[PDB]
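Asks: this one is an experimental structure. Sequence first:
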Amino acid sequence: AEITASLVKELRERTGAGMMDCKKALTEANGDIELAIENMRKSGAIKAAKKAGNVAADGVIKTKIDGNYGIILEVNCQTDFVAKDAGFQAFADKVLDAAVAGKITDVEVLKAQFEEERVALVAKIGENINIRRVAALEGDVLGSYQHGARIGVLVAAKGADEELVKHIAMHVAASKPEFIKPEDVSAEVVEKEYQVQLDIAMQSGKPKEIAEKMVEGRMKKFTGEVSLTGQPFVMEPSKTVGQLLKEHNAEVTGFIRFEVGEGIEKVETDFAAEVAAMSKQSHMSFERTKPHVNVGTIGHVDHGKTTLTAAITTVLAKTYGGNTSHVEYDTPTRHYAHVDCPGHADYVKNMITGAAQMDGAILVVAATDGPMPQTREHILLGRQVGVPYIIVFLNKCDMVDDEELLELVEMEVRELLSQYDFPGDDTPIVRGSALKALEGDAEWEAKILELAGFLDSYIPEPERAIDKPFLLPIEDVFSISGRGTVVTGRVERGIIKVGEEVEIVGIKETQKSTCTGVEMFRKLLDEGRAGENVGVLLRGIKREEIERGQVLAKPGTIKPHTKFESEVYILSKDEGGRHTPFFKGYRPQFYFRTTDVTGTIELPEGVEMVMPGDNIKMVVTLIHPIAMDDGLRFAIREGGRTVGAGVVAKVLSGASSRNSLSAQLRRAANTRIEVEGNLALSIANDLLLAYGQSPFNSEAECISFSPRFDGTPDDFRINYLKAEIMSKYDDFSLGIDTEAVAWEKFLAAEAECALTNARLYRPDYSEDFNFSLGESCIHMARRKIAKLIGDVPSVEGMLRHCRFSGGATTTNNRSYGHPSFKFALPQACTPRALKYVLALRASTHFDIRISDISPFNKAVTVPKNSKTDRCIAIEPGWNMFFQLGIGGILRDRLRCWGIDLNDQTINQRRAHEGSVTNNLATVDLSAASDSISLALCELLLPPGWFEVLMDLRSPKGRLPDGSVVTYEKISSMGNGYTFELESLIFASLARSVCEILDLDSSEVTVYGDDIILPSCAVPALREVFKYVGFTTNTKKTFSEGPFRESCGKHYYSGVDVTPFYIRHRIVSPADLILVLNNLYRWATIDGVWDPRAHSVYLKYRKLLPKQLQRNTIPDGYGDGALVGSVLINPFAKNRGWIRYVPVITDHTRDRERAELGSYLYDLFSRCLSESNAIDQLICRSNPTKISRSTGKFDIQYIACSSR
RNA sequence: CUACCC
RNA sequence: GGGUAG
Ligand SMILES: Nc1nc2c(ncn2[C@@H]2O[C@H](COP(=O)(O)OP(=O)(O)OP(=O)(O)O)[C@@H](O)[C@H]2O)c(=O)[nH]1
Ligand SMILES: [Ca+2]
Ligand SMILES: [Ca+2]
């Protein structure tokens, strides 16, 4: 205590400075007013210049116009909350209309003209409030659209008005052009990239007017992009602005656009990172049913929330015990989760998208200075985001020596709470210092204990989801003879016991029914707890009365509505959403619980465009009701892709494509086209000519032409595609060929496999003397295998990996391939493999139908080359179930050698390296999966594994030739684990060939047969393989070349030469859409054609029907249409502020699904679920439907985007 | 159930 | 069979 705490307030409410900055500027002011304030006025610029190592990343833009004189601004702070407050507003508004009177262009002018007032606020607040930039534009008619606060645009036109300059400023705001015309560039910024790409291009070997053409066209596009001219108007992205302008009676001159924090780059601060470092300094000086409470810390920057969250960690470590950017710590009763609230607009994008909700925020305010002016925006963010409860902590109280003065600050926070309808009178306020508690000062450590003593009490215990009014999302429905109607899904909330009454509410009149019973897969329980994945039986109600997305809750618990107010975030461009804003008539689908629902939206008063990366309040009125209550997270899909997220706020009162077009296309889609011969051979020929290269003379040369491996990448690429494109043309006329040849090989794949299987059974040469390279590797591989594998497949890892999947079984066929027709229909087991199926049968109360019991798999033939076919083999559907389980445990496990098979990227990326590096070699075997000996496999795998592989495998096979064979190969293609095994085998050995040569085994990467290793190892790997039986595809194995190929990617000196193949006979316009598209990808860079390919594209493009030449789509959307610019598509209609397009689909008459087997599978899926932009968790899995390919083509409509 | 591939 | 995007 020094002087009275009383009229220190006289300082504050006449000044606005700190509390102790007021008392301490009074202790050396002799109890005087003015001369105390003059200390502040002079010692306010000292702190104001203390602000310079505080980067100002936030702020506002403000804009003004008079008659036809317009001005923008970039006055900016370092925090949202400040910018939105009535102070930063008042100054920045003032400093804006100061440019209205005086056309101030030099920022220096007004940056100085208010420097003495710029300090009046940073002394009041505590942030580097500095003006960044200013500019202004004069003209005829100049309009300005202000996007809330963050983006300001000033644009000047001619012949235009508010029915325009508004709308185009919106585009400038939206599209962000740097220039205005393609002619508005310097022949230096142009001849920069014009000499930057010309080498990039010419290095390839492409002539003068190829590279020159290509580059000029690409730069013509590059210019065209930023070209406000060459820019698709944001409200009509069909016509360009420049086109919109000339088509209008008008012509703009100039434009100014500011955002906030351009270039103000900075470095990204994590919270949970630096707080583990703020702690690390002070470091050196049963009950798991305990609730989760999401707390947040909120307050000024320099009041050091940072410092306090740290104390609330260490002092809680000291005492009890112990979405990233959050800290997980405990308390003896509860377990919290704690986050920082720096950005108002980034906390909404946390609550809305649900990355971090709030069950109670903590209000940090340094007692030294008390409530800052912008704090009412912190408290405002609470009663804006609907935070339930609020605890306040006054940090740094040692910096006050008078309690009579501390009690005065609670006044100025308790009344600041109460303005915002928070229990200010009855709200907890802790007085202490974190700084003292970081140390070891337990007198002040009792304050964090007094604070954490409030989170334990003043925050209510979260209604644990079990305890909430029962509710289940209807995910799918089955009509079982014997059970009636049954729905499956994970129950969201509550418990459902057998018999209770439930409503079935969703779209129809909220009907009601009763739980005839509940069941899982193994258990057939009687109560269904929340969080569990179940199937509930309903009576007196059939399937057709129950849709999906319906809920299944207690009666009256939740009513169905269709009108509600919500708040949503829209995914930014870089986040996945639209790269285009929408306007008044947005009509998306609203993905709710399990189903998508379309719907219109209103914009609140005064907002007219919203862009990717926005928060926004809106009112949603969807086409037909869904059951809802406040707190329901719904994403927002546009044609299957999630471009928004949002939660319902308040539930309310309640309330163009040409069909002739689609039908015109459907007509033409089925238009079989007629050619005077082989269209392919024609196209490929007329293409080779298009490149100087000598064409095919006969139809034999298509597959007997071997390329050359010299020449420029260009001389290659083409020469390669030549030898490659035709390879797979099945329909070759006097192709005196067959599939018999496929069989002829499969005979060696056992005939050799015989030879090895045998000679692989006597490794004692004669007497010990000779020591072979193979045997050694096997020995090494064997050891290596078992460290990776196990002595036997863990049933744990076995059951949660086995599945019914795909297509043909011995008992089924491609029609009856979908998994439900495996539980419905009995599948074949195999003698040895019986025991497992029996396990399944005591593993559930369901029906496990074994049809025949035979050791036979059907060996057949599927098409491959034009010179041969495959000889896959269709396994006994039960063997396949387990084979797929051991194929999965042998794959998740195979990932420790750095082998990922659900990612063939990491094996083709390395083909890239190899093509340049020359130290990596791609390899290929002749009959890969087929030449794996029953002998070899025994020598490597553990005996316990080699059992389970002899058990599941099919030992004998019946041919179409009637004749049986007994497998020398352990496993054939089509077998349910063969891929993973041959991976692991090949990987095993490459790696042994590595250790054996003092080489990193970690440099070995295998994908099935597509194994990649160090180039030096190859002749050893080759000599190993020669021994272990396999034989090496010299033609496809590449070590010394400039060329590497792997996982379907081909490379030549780091350069992409992946060809495309013309498989089957081109006939329907879908087969020409397809070929024209592969040639489009193969010869384009960003919609910019390699000229001499464009020639044939354009030519054979004429072959398609008139409408089927203009119907373009972006790449990566299918082949239902030619890829091109969808901005052009005449058939593309603008529905609901989202563009929709028509693409060729295959026709499907629907069919009957096995309600039994579909249900059997749906609940088997939940057994496999249960034992295995942060918002895709919302979206669930799909019901089983079956459909049959008719032959006709239908036209389906989808959703699209520019680029 | 369309493309790409091991 | 298996990935990968539809
Ligand atoms: N089970 C199964 N595996 C396949 C099939 N197609 C390709 N593969 C895998 O792809 C690997 C290599 O395929 P390819 O390189 O095309 O054929 P390959 O039989 O191994 O030998 P070649 O084509 O003669 O060089 C094989 O080991 C197979 O495991 C198939 O239809 N069924
Ligand atoms: Ca191969
Ligand atoms: Ca290969």
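Replies: Received the coordinates, thanks. Numbers count the residues shown, from 1 in each chain, chains lettered A, B, ... in the order given. Ligands and ions are numbered 1, 2, ... in the order given.
Asks: my read is that residue A:569 contacts residue A:647, right?
Replies: No. At 9.8 Å, residue A:569 and residue A:647 do not qualify as touching, with contact defined as CB atoms under 8 Å. Quick note: C-beta positions are derived from backbone N, CA and C, even for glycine.
Asks: overlap in contacts, those two.
Replies: Applying CB atoms under 8 Å, 6 or more residues apart in numbering, one finds that residue A:569 and residue A:647 are jointly contacted by residue A:352.
Asks: more neighbours, the two?
Replies: Legend: neighbour count by other CB atoms under 10 Å for residue A:569 and residue A:647, higher for residue A:569 (26 against 19).
Asks: hey, what's the more buried one bridged with?
Replies: In this entry, residue A:569 is beta-bridged to residue A:615, residue A:645, by DSSP bridges.
Asks: tell me the contacts of it?
Replies: A:348, A:349, A:352, A:353, A:614, A:615, A:616, A:644, A:645, A:646.
Asks: am I right that the second one is in a strand?
Replies: No. Inclusion of residue A:349 in a strand is not indicated when DSSP: H, G, I helix; E, B strand; the rest coil is applied; the result is helix.
Asks: hang on, residue A:582 packs against residue A:612?
Replies: No. Using CB under 8 Å, residue A:582 is not in contact with residue A:612; the gap is 9.5 Å.
Asks: please, where are all the strands along the stretch 201-350 of chain A?
Replies: In the stretch 201-350 of chain A, the strands defined using DSSP state E, counting those that start in this stretch lie at A:254-258, A:292-299, A:326-330, A:335-340.
Asks: please identify which of these is closest to ligand 2.
Replies: Closest approach to ligand 2 among the strands of the stretch 201-350 of chain A is made by strand A:326-330 (49.0 Å; CB to the ion).
Asks: in the closest one, what's buried?
Replies: Going by neighbour count (16 or more other CB atoms under 10 Å), the buried part of strand A:326-330 is A:326, A:327, A:329.
Asks: for the residue of the stretch 901-1050 of chain A found nearest RNA strand B, what are phi and psi?
Replies: In the stretch 901-1050 of chain A, the residue found nearest to RNA strand B is residue A:1048; the distance is 2.2 Å by CB to the nearest atom of the strand. The phi/psi pair for residue A:1048 (degrees, to the nearest 10) reads phi 80, psi 0.
Asks: that one contacts residue A:908, correct?
Replies: Yes. Using CB under 8 Å, residue A:1048 is in contact with residue A:908, at 6.9 Å.
Asks: name the residues contacting each of those two.
Replies: In contact with both residue A:1048 and residue A:908: no residue, using CB under 8 Å, 6+ apart.
Asks: residues near the residue nearest to residue A:1196 when sequence neighbours are not counted, how many?
Replies: Distance criterion CB to CB, 6 or more residues apart in numbering; nearest residue to residue A:1196, sequence neighbours excluded, is residue A:1145 at 4.0 Å. Residues near residue A:1145, counting by other CB under 10 Å, number 17.
Asks: element containing residue A:1145?
Replies: Following DSSP states H and E, one finds residue A:1145 within strand A:1138-1150.
Asks: tell me if that strand is near RNA strand B.
Replies: Yes. Residues of strand A:1138-1150 contacting RNA strand B under CB under 7 Å from any atom of the strand: A:1146, A:1148.
Asks: I figured the residue nearest to residue A:1196 hits residue A:1119, correct?
Replies: No. Residue A:1145 is not in contact with residue A:1119 according to CB under 8 Å; the separation is 10.6 Å.
Asks: the residue in chain A positioned nearest to ligand 1: neighbour count?
Replies: Residue of chain A nearest ligand 1, by CB to the nearest ligand atom: residue A:928 (2.9 Å). Residues near residue A:928, counting by other CB under 10 Å, number 23.
Asks: ok, now which ones touch it?
Replies: By CB under 8 Å, 6+ apart, residue A:928 lies in contact with A:982, A:1008, A:1009, A:1030.
Asks: what about stretch A:428-445, distance to the chain center?
Replies: Offset of stretch A:428-445 from its chain centre (CA atoms, centre = their mean, to the nearest Å): 43 Å.
Asks: next: stretch A:33-41.
Replies: With CA atoms, centre = their mean, you get 57 Å for stretch A:33-41.
Asks: please apply the same query to stretch A:984-1003.
Replies: 35 Å.
Asks: mind listing what's buried along it?
Replies: Judged by neighbour count using 16+ other CB under 10 Å, the buried positions of stretch A:984-1003 are A:984-994, A:996, A:999, A:1001, A:1003.
Asks: among those, which lie within helices?
Replies: Under the assignment DSSP state H, the buried residues of stretch A:984-1003 contribute A:984, A:985, A:986, A:987, A:988, A:989, A:990, A:991, A:992, A:993, A:994 to helices.
Asks: from residue A:238, how far out is the residue lying closest to residue A:1113 once chain neighbours are set aside?
Replies: Distances taken as CB to CB, 6+ apart put residue A:1121 closest to residue A:1113, at 4.4 Å, once the chain neighbours are dropped. Going from residue A:1121 to residue A:238 by CB to CB, to the nearest Å gives 17 Å.
Asks: those two: which is more packed in?
Replies: Using other CB under 10 Å as the criterion, residue A:1121 and residue A:238 rank with residue A:1121 on top: 28 against 16.
Asks: which residues does the more buried one contact?
Replies: Residue A:1121 sits in contact with A:1073, A:1108, A:1111, A:1112, A:1113, A:1141, A:1142, A:1143, A:1144, where contact means CB under 8 Å, 6+ apart.
Asks: residue A:487: which of those is nearest?
Replies: Lowest distance from residue A:487 to the contacts of residue A:1121 (CB to CB) belongs to residue A:1143, with 33.6 Å.
Asks: any idea what the closest one is bridged to?
Replies: Residue A:1143 has these beta-bridge partners by DSSP bridges: residue A:1196.
Asks: that one against residue A:1112, yeah?
Replies: No. Judged on CB under 8 Å, residue A:1143 makes no contact with residue A:1112 at a distance of 10.5 Å.
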